[PDB]
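# Overview (structure and organization)
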Amino acid sequence: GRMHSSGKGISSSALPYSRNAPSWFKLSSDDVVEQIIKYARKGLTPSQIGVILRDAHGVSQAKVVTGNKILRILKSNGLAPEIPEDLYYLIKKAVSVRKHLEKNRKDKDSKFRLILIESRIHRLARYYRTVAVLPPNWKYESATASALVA
Amino acid sequence: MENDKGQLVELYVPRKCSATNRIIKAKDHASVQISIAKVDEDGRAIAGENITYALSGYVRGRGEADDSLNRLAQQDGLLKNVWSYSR
Amino acid sequence: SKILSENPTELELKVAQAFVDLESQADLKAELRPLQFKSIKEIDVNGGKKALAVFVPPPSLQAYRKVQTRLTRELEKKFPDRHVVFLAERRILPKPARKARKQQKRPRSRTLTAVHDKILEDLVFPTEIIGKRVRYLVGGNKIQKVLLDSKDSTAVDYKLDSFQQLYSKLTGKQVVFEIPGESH
Amino acid sequence: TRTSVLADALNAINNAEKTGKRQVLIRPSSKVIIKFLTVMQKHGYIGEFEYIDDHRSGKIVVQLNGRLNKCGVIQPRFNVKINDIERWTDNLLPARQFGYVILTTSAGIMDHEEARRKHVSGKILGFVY
Amino acid sequence: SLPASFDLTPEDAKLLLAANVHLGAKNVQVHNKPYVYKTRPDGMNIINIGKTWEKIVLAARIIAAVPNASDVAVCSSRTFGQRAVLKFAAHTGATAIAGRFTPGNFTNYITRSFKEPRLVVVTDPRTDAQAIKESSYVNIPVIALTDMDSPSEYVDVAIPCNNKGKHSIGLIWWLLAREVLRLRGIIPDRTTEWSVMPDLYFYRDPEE
Amino acid sequence: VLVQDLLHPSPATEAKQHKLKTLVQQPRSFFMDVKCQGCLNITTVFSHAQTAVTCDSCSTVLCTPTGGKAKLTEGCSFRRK
RNA sequence: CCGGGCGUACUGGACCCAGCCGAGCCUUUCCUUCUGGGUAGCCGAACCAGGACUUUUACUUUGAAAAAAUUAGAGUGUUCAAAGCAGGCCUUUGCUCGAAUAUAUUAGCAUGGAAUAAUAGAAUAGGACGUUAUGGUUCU
Ligand SMILES: [Mg+2]
Ligand SMILES: [Mg+2]
Ligand SMILES: [Mg+2]
Ligand SMILES: [Mg+2]
Ligand SMILES: [Mg+2]
Ligand SMILES: [Mg+2]
Ligand SMILES: [Mg+2]
Ligand SMILES: [Mg+2]
Ligand SMILES: [Zn+2]
């Protein structure tokens with residue numbers, strides 16, 4: 001495991017066997033959707049909306065209640081971001097490292113980490129082009145990356 | 001093993017382990033044959049009348065012979081609630 | 001008018017006659033006007049009882065689920081020695097052959113595996129399934145085991161045997177229902 | 001990564017049978033694994049086995065009775081013509097009178113003796129004896 | 001199965017706990033895990049003496065199956081068990097091996113005390129490792145009094161008990177002798193009090 | 001141990017296992033109904049909450065995220081749902 | 001199961017135990033068709049022969065094809081044999097078994113099957129059916 005490390009950690013979530021909403025859950029499939037859109041306009045990514053839902057609203061899974069996954073609901077309401085969230089945070093981290101590197105030119109460790117992040121961007125961007133999430137001519141440019149995320 | 005006419009051309013049909021069903025070889029000197037006496041309703045051991053189990057030398061070497069007898073004897077009624085299937 | 005089928009049988013009319021009688025008490029009346037069903041399949045189970053299967057349009061299933069716990073109890077009173085279950089009439093689409101002409105991609109809800117799992121879920125409605133196991137016996141036959149939650153167990157705990165034969169009638173396979181966490 | 005779940009399943013069975021255990025847990029499950037186990041069960045090399053549904057690939061618990069000498073996969077699943085089945089049984093099986101080479105044919109998964117009976121051939125899948 | 005007269009009586013249970021038989025070693029091996037009932041908060045492991053009793057009854061039934069009583073060999077390298085095995089041999093007719101076990105007694109057929117027992121009974125697998133090792137060379141089954149740290153290799157019948165107790169060793173040996181004679185019919189029934197006292201079979205220091 | 005019931009593990013030993021190493025993996029977390037001391041308003045809070053949840057009535061932090069389970073503030077009582 | 005020297009092949013006779021290789025029909029499961037035969041029974045599949053469509057493979061069965069010589073192999077007293085494709089009959093104004101059969105194998109061709117491994121499909125619906133659904137725009 002760990003594509004870009006020697007780690008073998010297994011920590012992750014373990015979904016319950018039950019695919020139905022808990023008996024104590026009382027919100028409707030609608031009230032969750034308006035809650036998601038309300039939070040989506042505040043700028044939260046699908047990961048953060050799901051964290052807030054279970055943390056403060058008791059929504060264990062948006063799928064077991066609404067019937068669709070969170071990103072599927074946003075894309076159905078024209079609220080899907082242009083760049084996928086995970087690709088956005090990889091590019092944003094690469095932007096931060098590249099900005100740090102120009103002021104710290106002897107930081108050869110940051111140069112090594114930057115190659116890993118950018119290699120991770122290209123593998124993910126290439127995948128998104130085959131599934132037609134990104135345009136076939138979409139290419140990640142290091143020079144113009146700051147425009148996309150900043 | 002027998003031929004076409006049905007005669008048992010096999011010599012030495014070997015014994016098999018009671019725990020693992022492995023064949024106990026002719027020179028497996030770690031293998032034993034447990035003989036356990038039958039007890040009548042008076043609490044007396046019945047002379048020359050036994051329950052017999054065989055263990056291969058492999059099972060005994062790993063130290064699992066004791067736990068295998070606990071299981072085998074409990075299924076035959078020689079023991080009660082000493083070996084548990086679920087751990 | 002309650003029956004969504006042309007030429008209903010006498011049993012369907014009697015059941016719909018009950019359906020036009022449970023709204024008399026206003027605690028459950030605001031919801032029995034739209035309720036309809038397609039068929040009433042009935043089979044004989046051992047012990048002198050008879051299994052009554054009410055078939056419901058799948059889109060109408062979630063409306064029945066809101067009052068099904070109550071509605072069955074009075075329907076079991078009106079028809080004695082009857083075990084009442086509510087099933088949705090899901091459609092099974094056959095697996096396309098290699099030479100078969102291309103059709104629209106078959107949704108998973110229309111697959112035979114999903115439908116048998118779905119009717120296996122509608123059978124035990126008040127309880128929820130917490131685990132399923134399939135035994136493969138040396139004889140060649142295969143037996144399913146479904147484990148049910150102890151919550152709301154009293155609604156089904158005296159039946160289950162009706163479900164096993166009813167499931168066998170519908171699919172031809174063997175299933176055994178067990179509630180591992182009872183008080184016992 | 002995990003490239004052959006059948007190889008993982010048979011390796012676990014072999015390790016449990018060689019160590020004298022009468023049961024083994026297999027993860028993940030698949031159709032090929034279940035149909036491979038059914039052939040082993042049909043010839044008496046294993047006992048009853050149980051499938052556990054976890055809303056995932058699944059798990060299997062197999063009961064071993066000590067009659068199994070070795071089961072294994074052939075990776076890759078080579079194409080086998082009918083005239084090549086004889087050569088494969090010579091290399092993989094201990095004798096001409098027992099043991100089975102498992103094939104996947106368009107008529108289904110079956111042992112090499114059944115494949116000759118119905119005159120079908122496919123890709124080799126494994127063996128058991 | 002077994003008549004209820006063979007169940008663990010309260011009298012024997014009182015003896016086992018007063019002799020500290022139930023005290024098993026701090027660290028338990030994986031093979032002795034089923035015999036542990038619960039770990040005592042100091043660290044000692046409590047032996048399920050109900051399981052201990054049944055193994056004793058099972059062990060005595062194997063001993064009773066040996067035709068020649070002298071063919072049963074009872075062994076003890078610990079000083080705490082030397083008196084027990086010598087008295088066991090006297091009462092049952094078995095062959096006692098107290099103290100040092102000469103290596104080659106089972107394999108070397110020109111040694112002085114070269115024996116061919118049909119069964120070997122061991123006080124402790126750790127301090128009697130030599131006696132157990134040779135039994136695995138000439139197809140001799142082994143019954144062993146095992147603590148929670150005692151090894152279980154080449155041991156067929158394990159009696160879970162405290163191997164490191166002065167009274168534990170003597171009591172277990174006394175119980176086997178009584179049961180073997182009960183099955184043989186020497187003791188008329190399972191309720192008659194035995195003449196021999198568990199104080200006999202106990203090791204005595206040179207002081208007295 | 002050569003023979004063992006893998007299909008019916010002891011529930012005591014089954015609970016000591018890692019959450020991914022059970023027969024069917026199951027989360028050990030749960031959701032709670034939190035009563036702040038100041039007022040009485042049902043607020044569903046995840047046991048391992050990563051957010052400083054505040055009740056709607058008064059903007060007071062109910063819990064602080066930690067490495068594992070969220071830590072409830074003083075005067076806050078929880079009941080598992 | 002009368003076997004008319006284990007013999008036991010032959011074969012009247014299985015009455016088929018089970019097992020094995022099949023084929024359909026029913027279970028929510030049908031080449032959407034089109035044109036007749038042709039119409040028989042309802043209130044075009046009732047089987048053919050002449051048309052219209054078709055997700056792409058890999059794989060595997062069977063068939064045709066892969067020249068003869070060579071190889072394996074059936075027959076045949078070249079005096080045996082290596083070989084050869086001869087030869088055999090009561091002795092012939094002639095009669096007459098033959099000169100087999102297997103193997104080829106990647107590529108190509110036709111074919112049965114659909115496990116295994118890919119592939120395509122209904123997502124801003126520009127999606128599917130209306131067999132005789134209602135119009136409109138073009139085109140043959
Ligand atoms: Mg890992
Ligand atoms: Mg890598
Ligand atoms: Mg993850
Ligand atoms: Mg009313
Ligand atoms: Mg069998
Ligand atoms: Mg070879
Ligand atoms: Mg063979
Ligand atoms: Mg075999
Ligand atoms: Zn508050």
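- This entry, as listed in the PDB, derives from X-ray crystallography and reports a resolution of 3.05 Å.

## Concerning the UniProt feature "binding site: Mg(2+) 3" (unreviewed entry) in chain D
- On the UniProt side, "binding site: Mg(2+) 3" (unreviewed entry) is annotated at positions that read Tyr-129 of chain D here.
- Mapped onto the fold, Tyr-129 of chain D is located in the segment after β7 (123–128).

## Considering helix α6 (residues 108–130) of chain A
Residues and elements named next belong to chain A.
- Between the first and last C-alpha of α6 there are 34 Å, a value that for 23 residues agrees with the 33 Å anticipated at 1.5 Å per step.
- Every buried residue belonging to α6 is among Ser-110, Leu-114, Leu-116, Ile-117, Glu-118, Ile-121, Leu-124, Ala-125 and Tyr-128, and all of these are buried.
- Looking at the residues trailing α6, positive phi occurs at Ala-132, about 60 degrees.

## Points about the protein's contact with RNA strand G
- The environment of RNA strand G is made up of 32 residues, and the closest members are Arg-98, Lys-102 and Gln-104 of chain C together with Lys-81 and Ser-121 of chain D.
- In this structure, a base nitrogen belonging to RNA strand G sits 2.7 Å away from a main-chain N or O atom of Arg-90 of chain C.
- At 2.5 Å, a side-chain N or O of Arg-98 of chain C approaches a base oxygen of RNA strand G.
- When residues of the surface near RNA strand G are traced back to their parent elements, those giving at least two are α2 (31–42), β5 (100–105) and α4 (112–118) of chain D.
- Across the surface near RNA strand G, the residue classes break down as nine nonpolar, nine polar and 14 charged.

## Quick word on the packing of aromatic side chains
- The final tally for this structure, using the stated rule, is 18 aromatic pairs over all chains.
- Ring centres of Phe-19 of chain C and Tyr-64 of chain C lie 6.3 Å apart, and the angle between their planes is 50 degrees; on these two criteria the pair is classed as tilted. With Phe-19 of chain C in helix α1 (residues 10–19) and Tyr-64 of chain C in helix α2 (residues 61–64), this residue pair connects regions lying 45 residues apart in the sequence.
- Owing to a relative accessible area of 1%, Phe-19 of chain C belongs among the buried residues under this scheme.
- Note on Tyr-64 of chain C: relative accessible area 1%, which makes it buried.
- Measuring from centroid to centroid gives 5.2 Å for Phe-88 of chain E and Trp-173 of chain E, while their planes differ by 70 degrees, and the two rings are edge-to-face. In this pair, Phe-88 of chain E sits in helix α3 (residues 82–92) while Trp-173 of chain E sits in helix α5 (residues 166–184), placing the two residues 85 residues apart along the sequence.
- Grouped by ring-pair contacts, the aromatic residues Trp-24 and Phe-25 of chain A together with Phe-31 and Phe-46 of chain F constitute a single cluster.
- Directly above the aromatic system of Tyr-39 of chain A lies the positively charged group of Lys-38 of chain A, at a separation of 3.9 Å from the ring centroid.
- A cation over a ring is seen here: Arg-80 of chain F above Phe-30 of chain F, with NZ or CZ 4.3 Å from the ring centre.

## Considering the packing of helix α4 (residues 112–122) of chain C against helix α5 (residues 161–171) of chain C
Residues and elements named next belong to chain C.
- One can describe the packing of α4 onto α5 by two numbers: an axis separation of 11 Å at closest approach and a directional angle of 155 degrees. Relative to α5, the element α4 is oriented roughly antiparallel. The interaxial crossing formed by α4 with α5 has right-handed handedness. Two secondary-structure elements touch here, α4 through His-116, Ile-119 and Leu-120 and α5 through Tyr-167, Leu-170 and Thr-171.
- In the contact of α4 with α5, the residues fall into four nonpolar, two polar and no charged.

Each value, and the rule that gives it
Residues numbered from 1 in each chain as written, not as in the entry; some residues may be left out. Chains lettered and ligands numbered in written order. Part of a larger assembly, values for the part shown. Heavy atoms only, no water. UniProt positions renumbered as here; feature names shortened; annotations may be inferred. Helix = DSSP H or I, 4+ residues; strand = E, 2+ residues; numbered from the N terminus. Expected span 1.5 Å × (residues − 1). Buried < 20%, exposed > 50% of the residue type's maximum accessible area, 1.4 Å probe, protein only. Near = heavy atom within 4 Å. Polar contact = N/O pair within 3.5 Å; in protein donor to acceptor, adjacent residues only side chain to side chain. Nonpolar A, V, L, I, M, F, W, Y, C, P; charged D, E, K, R; others polar. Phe/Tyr/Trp six-rings, centres within 6.5 Å; stacked < 30°, edge-to-face > 60°. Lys NZ or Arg CZ within 6 Å of the ring centre and 35° of its normal. Axes fitted to C-alpha atoms, helices over the stretch in contact; angles between N-to-C directions. Parallel < 35°, antiparallel > 145°, perpendicular 65-115°, else oblique. Left-handed = near helix turned anticlockwise from the far one by under 90°. Contact = heavy atoms within 4.5 Å.

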